[PDB]
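What follows is a single chain, given as C-alpha cells, in the form deposited in one PDB entry.
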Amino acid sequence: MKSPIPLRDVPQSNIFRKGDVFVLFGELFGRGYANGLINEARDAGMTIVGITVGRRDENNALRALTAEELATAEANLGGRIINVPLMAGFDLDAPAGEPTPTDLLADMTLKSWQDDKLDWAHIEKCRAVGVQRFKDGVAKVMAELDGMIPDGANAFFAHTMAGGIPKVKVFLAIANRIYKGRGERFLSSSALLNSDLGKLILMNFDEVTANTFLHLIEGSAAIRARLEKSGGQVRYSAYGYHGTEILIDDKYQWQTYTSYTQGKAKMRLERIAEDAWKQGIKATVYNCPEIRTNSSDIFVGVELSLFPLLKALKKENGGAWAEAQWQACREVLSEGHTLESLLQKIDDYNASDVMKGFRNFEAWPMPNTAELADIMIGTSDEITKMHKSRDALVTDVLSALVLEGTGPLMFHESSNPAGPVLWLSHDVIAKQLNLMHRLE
C-alpha cells in the first residue's frame, strides 16, 4: 500500500461462540499483545488451542516438550498445546551433518563482522532444509488439530511469530551501538544491513516474521475447506507494525519509530495477507501501535510515540475515566514536574525538522541518523528523568492501555474484517477504551 489503511470505527459484531476454536499460532512467553486477544476469545467461550516452538536438548538439538514443560505451557495458555516443535527460521538448519548458518558466524569478531563474507549457496541449502522442516511440522500439527475442530465450527487462527536474530557473540555490541549509541558510539543501521551478517538476518526475518503466516494459511487449507463447506467461518490474524497515526497538532498523523529492522518482513507479511484475501481467505494483518512494556529493553525512544495517546483519550469523547488516566500519569512524575510539560516535550519532538524527515512512508523503514540518535535518545532520557521511580512510568500506564484496547478491537474486527491490512492507531484505540469504560 502507498499509504496507511486505517480502521476508524469500533467493531460490534462477534460470530464466535462456545465450541468454536481459537488457535494460537505462536507460543506465549511473557505478557504482550496476544494475551488480550486470547482473553477475548476465552470470554467468548472459545476452546483455546496452541502450538509449541519446542525446546533444545543438551546438544542444542530441537525437541518436543516434556510432560512438565507441556503442563506449564498449557497452564500458561489456558488451553491444550499440540506437542510438535514448530521452530521458525533456518539459522540452526542444515543438510545432515553440515554447518548451520549460525556455525558460519562463529568466527565473526567486533572488528571483522562488517566485511566478513558468507557462503550463500550453503545458506540457501540450509534455508531450504529449514522451510521444509517447518512445513512438515505444520502438516503434523494440522493433522492433529483437524480432529479438535468440529464440523460447523468457526475457527480463528492467530499468528504471533516474529524474530529471527541468529545467535552470534558480536550482535549485542552492534545492537547497543545502533539502538543507543550517540557521538562516536553511534552506528548506522545500514552498517549492519549492508553486511552479509545483516543480509542473513533479513532473510531469517522474512522467514520467521512473514513466511510462517503463509505456511499457516497453506497448511490449514484442508481444515479451512472442511469448515467452510459446513456452516463455518475461518479467520486468520497477524500482528503487524508499520507506524502509527498519533496526535500531532491535534491532528492524527502517521509516524514511526526508526529504525525498524523488521520492516521489510512486516511488509512481506502484509502482502501474504493481501494475496490470501484475493483468494477469498479472510486473513488480516493488524498494524498496532508502538508500546514499551519493558523500558529496560534496547529500543530507547519507541515509547515517545505513545504519549499523545493521552490527548487522544480526551479527544475521542473522553470523560471521567480518561481524566483518571491523566491523573494516574501525573502521579508517577516527580515533585516539580507536570504532565503538560512532558506532552510539551513531545510536541517539540514531533515539530522538529529532524523528526519530520522520518515521517516518510515510502522510505519506511528508514536508516537511523546521528541527528536522530541525538534527539530521540536525548528526549527519551529527559522524560525518563521526570519520574519518581523508573519502574513506574507514564509509558507503563499507556502501554497497558494500548494492550487493553487492542484485544477487543482485533477480536471483534476479525468477525467481519474490513480488509487484509488494517491500522489500529490512537484514534480507534481511544474510541474503544472510552467505550469500554463508559460506566466507570
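We call the rigid core whatever largest set of C-alpha positions still superposes within 1.5 Å between the two forms. Numbering starts at 1 and follows the sequence shown.
Colleague: When the Cα temperature factors in the entry are averaged, is it 234 to 242 or 83 to 91 that ends up higher?
Modeller: Mean C-alpha B-factor is greater for 83 to 91.
Colleague: If you average the CA temperature factors over each stretch, which comes out higher, 267 to 275 or 185 to 193?
Modeller: According to the PDB entry, the answer is 185 to 193.
Colleague: From 308, 163, 357, 150, pick the one with the largest CA B-factor in the entry?
Modeller: When the deposited C-alpha B-factors of 308, 163, 357, 150 are compared, 357 is largest.
Colleague: Of the options 142, 370, 208, 285, which has the highest CA B factor as deposited?
Modeller: Comparing C-alpha B-factors across 142, 370, 208, 285, the top value belongs to 370.
Colleague: Looking at the temperature factor on the CA atom of residue 31, which third of the chain's modelled residues does it land in?
Modeller: Highest third of the chain for residue 31's C-alpha B-factor.
Colleague: Looking at the temperature factor on the CA atom of residue 315, which third of the chain's modelled residues does it land in?
Modeller: As the PDB entry reports it, the C-alpha B-factor of residue 315 lands in the middle third of its chain.
Colleague: Ranking the modelled residues of this chain by C-alpha B-factor as given in the entry, is residue 226 in the lowest, middle or highest third?
Modeller: CA B-factor rank for residue 226: highest third.
Colleague: Based on the deposited C-alpha B factors for this chain, I'd like to know if residue 301 is in the lowest, middle or highest third.
Modeller: Within its chain, residue 301 is a lowest-third residue by C-alpha B-factor, going by the deposited values.
Colleague: Sorting the chain's CA B-factors, does residue 66 end up in the lowest, middle or highest third?
Modeller: For residue 66, the deposited C-alpha B-factor lands in the highest third.
Omitted here: the form deposited in another entry. The next part is about that form.
Colleague: For the list 317, 294, 230, 194, which one shows a CA move of 2 Å or more between this form and the one not shown after the core is fit?
Modeller: Of all the options, the C-alpha that shifts by at least 2 Å belongs to 294.
Colleague: After superposition on the rigid core, does the Cα atom of residue 45 shift by at least 2 Å between this form and the one not shown?
Modeller: Not so; residue 45 is displaced by less than 2 Å.
Colleague: Classify the change in Cα distance between residue 377 and residue 295 in the other form as closer or farther, relative to the shown form (magnitude of 3 Å or more).
Modeller: Compared with this form, residue 377 and residue 295 lie farther apart in the other form.
Colleague: Report the direction of the Cα distance change between residue 216 and residue 293 in the other form, compared with the displayed form, as closer or farther; the change is 3 Å or more.
Modeller: Relative to this form, closer in the other form.
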